[PDB]
Every structure is written in structure tokens, then in C-alpha cells.
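Data block below; observations after.
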Amino acid sequence: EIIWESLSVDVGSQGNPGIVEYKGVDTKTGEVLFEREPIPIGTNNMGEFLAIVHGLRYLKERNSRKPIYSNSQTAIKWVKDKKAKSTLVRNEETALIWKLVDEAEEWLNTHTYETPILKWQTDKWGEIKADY
RNA sequence: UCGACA
DNA sequence: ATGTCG
Ligand SMILES: [Mg+2]
Ligand SMILES: [Mg+2]
């Protein structure tokens with residue numbers, strides 16, 4: 001039940017919170033579609049969030065109806081609810097990560113999309129293809 | 001309390 | 001250990 005005609009996104013971080021990054025790829029070819037420039041500091045869940053919303057953008061501007069695979073239970077939800085509920089403090093250091101996270105919001109609720117966002121069954125299918 | 005996904 | 005959710 002793996003829909004290979006999809007986009008699988010995942011985040012790679014160093015410490016949580018800390019240096020964060022994500023990337024989307026073709027669930028099958030493993031081809032790297034979009035990659036995020038390593039952010040200074042940010043939580044994992046925010047990483048996931050952005051990873052998804054970015055992929056959401058990527059598709060819409062290519063007119064793709066491919067669903068999205070994320071193993072972030074927290075983000076898949078945040079996104080469904082168009083609301084990132086991150087408890088990370090807002091200070092000049094968590095600037096960029098919060099800047100982005102907000103724009104991802106300003107987008108979610110100012111756009112349309114039927115793009116399915118699906119949970120990747122890591123326990124049954126192994127690490128997601130966009131994994132580091 | 002724990003459980004779950006990262 | 002921390003980030004989040006149920
Ligand atoms: Mg992940
Ligand atoms: Mg991973």
C-alpha cells in the first residue's frame with residue numbers, strides 16, 4: 001500500500017532544538033526535488049511542518065496531484081489544521097526558523113489543494129525515502 | 001502516569 | 001533528552 005507516485009519529505013537535524021534541515025524526494029526514484037538550506041536553530045516538529053508545506057507548494061506550481069508522505073504525526077496534523085503549534089521561544093536567534101514557519105502558515109490558509117498528506121508507515125515500510 | 005510519532 | 005500529540 002505504498003503510493004510510489006508521491007513526494008516523501010523528511011527532516012535532518014542535529015540536536016533538538018538545533019540545526020535543522022529537510023528535503024523532499026520522489027518516493028520511488030529517490031530523486032531529490034527540493035532541499036532546505038540548513039537552518040541555525042529550530043525544533044524537529046517545525047522542521048517537519050515546513051518540509052510538508054514546502055512540498056505542498058512545490059506540487060501546486062507544477063500542477064501535480066501526487067500525495068505527500070511525512071512520518072511526522074505532529075506536522076501532518078499541524079498542516080491539516082493549518083496551524084503550527086510550536087512552543088519554541090521567539091527571540092532574535094529563533095528568527096529565521098520562526099519567520100519561515102509563519103509564512104508557511106500565511107500560505108496554508110490562503111490557498112487550496114487536495115494534495116493528500118499521508119503517514120509513512122515506518123514500522124512496516126522502513127525509513128522514509130527522504131531520510132538522512 | 002503512560003502511550004504514540006519524530 | 002527534547003519536540004508534540006492522544
Ligand atoms: Mg520525519
Ligand atoms: Mg528520519
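Within each chain, counting starts at residue 1; across the C-alpha cells, chains are named A, B, ... in the order shown, with ligands numbered 1 upward in that order.
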
Those of stretch 23-95 of chain A in DSSP strand (DSSP E), formatted as an mmCIF file with N, CA, C and O atoms, in the first residue's frame:
data_model
loop_
_atom_site.group_PDB
_atom_site.id
_atom_site.type_symbol
_atom_site.label_atom_id
_atom_site.label_comp_id
_atom_site.auth_asym_id
_atom_site.auth_seq_id
_atom_site.Cartn_x
_atom_site.Cartn_y
_atom_site.Cartn_z
ATOM 1 N N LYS A 23 14.070 17.894 3.263
ATOM 2 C CA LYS A 23 14.178 17.705 1.836
ATOM 3 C C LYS A 23 13.060 16.804 1.339
ATOM 4 O O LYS A 23 12.621 15.902 2.052
ATOM 5 N N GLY A 24 12.604 17.055 0.115
ATOM 6 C CA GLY A 24 11.551 16.248 -0.464
ATOM 7 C C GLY A 24 12.176 15.452 -1.576
ATOM 8 O O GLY A 24 13.163 15.892 -2.151
ATOM 9 N N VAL A 25 11.613 14.283 -1.867
ATOM 10 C CA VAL A 25 12.116 13.403 -2.918
ATOM 11 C C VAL A 25 10.982 12.567 -3.498
ATOM 12 O O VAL A 25 9.911 12.440 -2.891
ATOM 13 N N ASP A 26 11.229 12.011 -4.683
ATOM 14 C CA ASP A 26 10.262 11.157 -5.358
ATOM 15 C C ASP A 26 10.292 9.870 -4.545
ATOM 16 O O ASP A 26 11.340 9.237 -4.402
ATOM 17 N N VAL A 32 16.144 13.781 -5.439
ATOM 18 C CA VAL A 32 15.959 14.915 -4.553
ATOM 19 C C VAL A 32 15.292 16.094 -5.276
ATOM 20 O O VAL A 32 15.900 16.720 -6.150
ATOM 21 N N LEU A 33 14.046 16.403 -4.920
ATOM 22 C CA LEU A 33 13.350 17.509 -5.567
ATOM 23 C C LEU A 33 13.701 18.867 -4.979
ATOM 24 O O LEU A 33 14.191 19.736 -5.691
ATOM 25 N N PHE A 34 13.441 19.074 -3.694
ATOM 26 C CA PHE A 34 13.780 20.353 -3.083
ATOM 27 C C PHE A 34 14.510 20.105 -1.781
ATOM 28 O O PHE A 34 14.206 19.158 -1.062
ATOM 29 N N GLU A 35 15.483 20.960 -1.492
ATOM 30 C CA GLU A 35 16.299 20.828 -0.296
ATOM 31 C C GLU A 35 16.348 22.150 0.427
ATOM 32 O O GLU A 35 16.453 23.191 -0.209
ATOM 33 N N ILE A 39 19.055 25.381 8.578
ATOM 34 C CA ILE A 39 18.648 26.467 9.444
ATOM 35 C C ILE A 39 19.403 26.395 10.767
ATOM 36 O O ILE A 39 19.621 25.310 11.309
ATOM 37 N N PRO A 40 19.796 27.556 11.321
ATOM 38 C CA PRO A 40 20.534 27.576 12.591
ATOM 39 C C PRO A 40 19.883 26.787 13.719
ATOM 40 O O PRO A 40 20.382 25.742 14.130
ATOM 41 N N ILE A 41 18.767 27.307 14.214
ATOM 42 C CA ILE A 41 18.042 26.693 15.316
ATOM 43 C C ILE A 41 16.533 26.592 15.056
ATOM 44 O O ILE A 41 15.910 27.526 14.542
ATOM 45 N N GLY A 42 15.959 25.447 15.417
ATOM 46 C CA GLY A 42 14.534 25.215 15.239
ATOM 47 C C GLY A 42 14.193 23.812 15.701
ATOM 48 O O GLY A 42 15.046 22.935 15.661
ATOM 49 N N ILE A 68 1.488 13.476 -0.471
ATOM 50 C CA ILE A 68 2.749 13.698 0.210
ATOM 51 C C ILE A 68 2.927 12.752 1.369
ATOM 52 O O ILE A 68 1.983 12.466 2.097
ATOM 53 N N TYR A 69 4.148 12.265 1.533
ATOM 54 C CA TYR A 69 4.472 11.358 2.625
ATOM 55 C C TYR A 69 5.385 12.028 3.645
ATOM 56 O O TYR A 69 6.468 12.535 3.320
ATOM 57 N N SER A 70 4.916 12.031 4.885
ATOM 58 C CA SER A 70 5.655 12.586 6.015
ATOM 59 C C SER A 70 5.432 11.604 7.165
ATOM 60 O O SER A 70 4.362 11.011 7.264
#

Checklist entry - Taking only C-alpha atoms (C1' of nucleotides) into account, what are the residues of chain A at most 12 Å from chain C, put as a PyMOL selection string? => result chain A and resi 14-18+42-49+72-78+84-88

Write the residues you've just listed into a file as an mmCIF file, in the first residue's frame, and include N, CA, C and O atoms for each of them.
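The resulting file, again_24.cif, is shown below:
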data_model
loop_
_atom_site.group_PDB
_atom_site.id
_atom_site.type_symbol
_atom_site.label_atom_id
_atom_site.label_comp_id
_atom_site.auth_asym_id
_atom_site.auth_seq_id
_atom_site.Cartn_x
_atom_site.Cartn_y
_atom_site.Cartn_z
ATOM 1 N N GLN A 14 20.355 18.250 13.960
ATOM 2 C CA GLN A 14 21.487 17.963 14.817
ATOM 3 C C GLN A 14 21.059 18.558 16.146
ATOM 4 O O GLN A 14 21.118 19.772 16.338
ATOM 5 N N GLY A 15 20.613 17.709 17.062
ATOM 6 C CA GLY A 15 20.146 18.224 18.333
ATOM 7 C C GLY A 15 18.761 18.821 18.135
ATOM 8 O O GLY A 15 18.439 19.326 17.052
ATOM 9 N N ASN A 16 17.945 18.774 19.182
ATOM 10 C CA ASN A 16 16.583 19.297 19.118
ATOM 11 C C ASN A 16 16.224 20.057 20.413
ATOM 12 O O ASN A 16 16.070 19.449 21.478
ATOM 13 N N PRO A 17 16.089 21.396 20.333
ATOM 14 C CA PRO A 17 16.256 22.199 19.122
ATOM 15 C C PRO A 17 17.702 22.325 18.664
ATOM 16 O O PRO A 17 18.626 21.954 19.378
ATOM 17 N N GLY A 18 17.892 22.838 17.454
ATOM 18 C CA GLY A 18 19.233 22.987 16.914
ATOM 19 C C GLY A 18 19.233 23.149 15.404
ATOM 20 O O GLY A 18 18.228 23.539 14.810
ATOM 21 N N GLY A 42 15.959 25.447 15.417
ATOM 22 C CA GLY A 42 14.534 25.215 15.239
ATOM 23 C C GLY A 42 14.193 23.812 15.701
ATOM 24 O O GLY A 42 15.046 22.935 15.661
ATOM 25 N N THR A 43 12.965 23.582 16.147
ATOM 26 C CA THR A 43 12.601 22.240 16.599
ATOM 27 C C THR A 43 12.463 21.264 15.440
ATOM 28 O O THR A 43 12.510 21.639 14.268
ATOM 29 N N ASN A 44 12.278 20.000 15.786
ATOM 30 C CA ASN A 44 12.111 18.954 14.790
ATOM 31 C C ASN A 44 10.746 19.118 14.150
ATOM 32 O O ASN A 44 10.638 19.179 12.932
ATOM 33 N N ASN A 45 9.718 19.210 14.993
ATOM 34 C CA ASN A 45 8.345 19.348 14.545
ATOM 35 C C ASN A 45 8.139 20.535 13.617
ATOM 36 O O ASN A 45 7.306 20.476 12.724
ATOM 37 N N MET A 46 8.885 21.615 13.811
ATOM 38 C CA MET A 46 8.754 22.753 12.906
ATOM 39 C C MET A 46 9.452 22.359 11.597
ATOM 40 O O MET A 46 9.061 22.765 10.505
ATOM 41 N N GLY A 47 10.513 21.578 11.720
ATOM 42 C CA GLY A 47 11.223 21.152 10.540
ATOM 43 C C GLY A 47 10.255 20.387 9.678
ATOM 44 O O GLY A 47 10.084 20.690 8.498
ATOM 45 N N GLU A 48 9.606 19.401 10.288
ATOM 46 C CA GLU A 48 8.649 18.566 9.584
ATOM 47 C C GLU A 48 7.570 19.429 8.948
ATOM 48 O O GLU A 48 7.292 19.303 7.763
ATOM 49 N N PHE A 49 6.968 20.303 9.746
ATOM 50 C CA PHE A 49 5.918 21.194 9.265
ATOM 51 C C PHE A 49 6.313 21.833 7.948
ATOM 52 O O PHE A 49 5.669 21.626 6.929
ATOM 53 N N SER A 72 5.843 12.586 10.252
ATOM 54 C CA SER A 72 5.666 13.473 11.380
ATOM 55 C C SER A 72 4.196 13.565 11.752
ATOM 56 O O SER A 72 3.435 14.333 11.165
ATOM 57 N N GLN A 73 3.795 12.762 12.725
ATOM 58 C CA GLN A 73 2.422 12.754 13.206
ATOM 59 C C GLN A 73 2.020 14.191 13.590
ATOM 60 O O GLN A 73 0.927 14.662 13.258
ATOM 61 N N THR A 74 2.923 14.888 14.279
ATOM 62 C CA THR A 74 2.680 16.261 14.720
ATOM 63 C C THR A 74 2.441 17.248 13.570
ATOM 64 O O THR A 74 1.527 18.055 13.636
ATOM 65 N N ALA A 75 3.266 17.191 12.528
ATOM 66 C CA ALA A 75 3.132 18.105 11.390
ATOM 67 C C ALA A 75 1.913 17.748 10.528
ATOM 68 O O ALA A 75 1.061 18.595 10.251
ATOM 69 N N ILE A 76 1.839 16.494 10.094
ATOM 70 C CA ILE A 76 0.710 16.040 9.303
ATOM 71 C C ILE A 76 -0.541 16.648 9.928
ATOM 72 O O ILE A 76 -1.457 17.075 9.220
ATOM 73 N N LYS A 77 -0.576 16.686 11.260
ATOM 74 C CA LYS A 77 -1.715 17.275 11.936
ATOM 75 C C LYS A 77 -1.635 18.794 11.825
ATOM 76 O O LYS A 77 -2.526 19.412 11.244
ATOM 77 N N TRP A 78 -0.581 19.404 12.368
ATOM 78 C CA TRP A 78 -0.487 20.852 12.279
ATOM 79 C C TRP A 78 -1.024 21.298 10.926
ATOM 80 O O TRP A 78 -1.940 22.102 10.870
ATOM 81 N N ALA A 84 0.542 25.666 13.053
ATOM 82 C CA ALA A 84 1.766 25.178 13.686
ATOM 83 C C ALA A 84 1.772 25.605 15.157
ATOM 84 O O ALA A 84 1.937 26.783 15.468
ATOM 85 N N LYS A 85 1.615 24.627 16.046
ATOM 86 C CA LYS A 85 1.555 24.848 17.486
ATOM 87 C C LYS A 85 2.885 24.643 18.205
ATOM 88 O O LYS A 85 2.944 23.955 19.216
ATOM 89 N N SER A 86 3.949 25.247 17.690
ATOM 90 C CA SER A 86 5.273 25.115 18.291
ATOM 91 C C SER A 86 5.480 25.994 19.509
ATOM 92 O O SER A 86 5.243 27.203 19.475
ATOM 93 N N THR A 87 5.967 25.366 20.569
ATOM 94 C CA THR A 87 6.235 26.018 21.841
ATOM 95 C C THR A 87 7.677 26.523 21.934
ATOM 96 O O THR A 87 8.235 26.611 23.021
ATOM 97 N N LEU A 88 8.291 26.827 20.799
ATOM 98 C CA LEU A 88 9.659 27.337 20.787
ATOM 99 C C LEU A 88 9.609 28.836 21.044
ATOM 100 O O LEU A 88 8.780 29.547 20.475
#

Next on the checklist: Using DSSP secondary structure from the backbone, list all helix (DSSP H, G or I) positions within chain A, as a PyMOL selection string.
Outcome noted: chain A and resi 44-60+73-80+96-108+122-125

Output the selection as a JSON list (two decimals), in the first residue's frame - C-alpha atoms for each residue.
[["chain", "number", "residue", "atom", "x", "y", "z"],
["A", 44, "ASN", "CA", 12.11, 18.95, 14.79],
["A", 45, "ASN", "CA", 8.35, 19.35, 14.54],
["A", 46, "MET", "CA", 8.75, 22.75, 12.91],
["A", 47, "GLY", "CA", 11.22, 21.15, 10.54],
["A", 48, "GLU", "CA", 8.65, 18.57, 9.58],
["A", 49, "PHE", "CA", 5.92, 21.19, 9.26],
["A", 50, "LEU", "CA", 7.86, 23.30, 6.80],
["A", 51, "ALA", "CA", 9.05, 20.19, 4.98],
["A", 52, "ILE", "CA", 5.42, 19.38, 4.25],
["A", 53, "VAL", "CA", 4.10, 22.86, 3.43],
["A", 54, "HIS", "CA", 7.10, 23.37, 1.14],
["A", 55, "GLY", "CA", 6.34, 20.14, -0.71],
["A", 56, "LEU", "CA", 2.77, 21.35, -0.91],
["A", 57, "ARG", "CA", 3.98, 24.47, -2.76],
["A", 58, "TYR", "CA", 6.34, 22.52, -4.99],
["A", 59, "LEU", "CA", 3.47, 20.41, -6.35],
["A", 60, "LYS", "CA", 0.88, 23.14, -6.85],
["A", 73, "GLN", "CA", 2.42, 12.75, 13.21],
["A", 74, "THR", "CA", 2.68, 16.26, 14.72],
["A", 75, "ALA", "CA", 3.13, 18.10, 11.39],
["A", 76, "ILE", "CA", 0.71, 16.04, 9.30],
["A", 77, "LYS", "CA", -1.72, 17.27, 11.94],
["A", 78, "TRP", "CA", -0.49, 20.85, 12.28],
["A", 79, "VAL", "CA", -0.91, 21.10, 8.49],
["A", 80, "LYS", "CA", -4.34, 19.52, 8.43],
["A", 96, "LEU", "CA", 14.60, 32.54, 10.54],
["A", 97, "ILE", "CA", 13.01, 29.27, 11.67],
["A", 98, "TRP", "CA", 10.03, 31.26, 13.01],
["A", 99, "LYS", "CA", 9.92, 33.61, 10.03],
["A", 100, "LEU", "CA", 9.59, 30.64, 7.67],
["A", 101, "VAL", "CA", 7.16, 28.78, 9.92],
["A", 102, "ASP", "CA", 4.86, 31.79, 9.86],
["A", 103, "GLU", "CA", 4.94, 32.22, 6.07],
["A", 104, "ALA", "CA", 4.12, 28.53, 5.79],
["A", 105, "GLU", "CA", 1.01, 29.48, 7.78],
["A", 106, "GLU", "CA", 0.13, 32.56, 5.76],
["A", 107, "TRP", "CA", 0.14, 30.11, 2.85],
["A", 108, "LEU", "CA", -1.82, 27.15, 4.23],
["A", 122, "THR", "CA", 7.91, 3.43, 9.21],
["A", 123, "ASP", "CA", 7.16, 0.42, 11.42],
["A", 124, "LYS", "CA", 6.03, -1.52, 8.37],
["A", 125, "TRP", "CA", 7.96, 0.03, 5.44]]

Checklist entry - Would you name the residues within 9 Å of ligand 2, counting only C-alpha atoms (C1' of nucleotides) and all ligand atoms, and put them as a count of residues only? => result 11

Next on the checklist: Report, in Å with one decimal, the straight-line distance from atom CA of residue A:5 to atom CA of residue A:27.
Outcome noted: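 Separation between atom CA of residue A:5 and atom CA of residue A:27: 6.8 Å.
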
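With atom CA of residue A:13 on one side and atom CA of residue A:36 on the other, the separation reads 11.5 Å.
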
Next on the checklist: What does the structure give for the distance between atom CA of residue A:92 and atom CA of residue A:9, in Å to one decimal?
Outcome noted: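 Atom-to-atom, atom CA of residue A:92 and atom CA of residue A:9 are spaced 27.8 Å apart.
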
Item to check | Nearest-residue call for chain B, choices A:21, A:115, A:120, A:8, using only C-alpha atoms (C1' of nucleotides) | outcome: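 For chain B, the nearest of the candidates is A:120.
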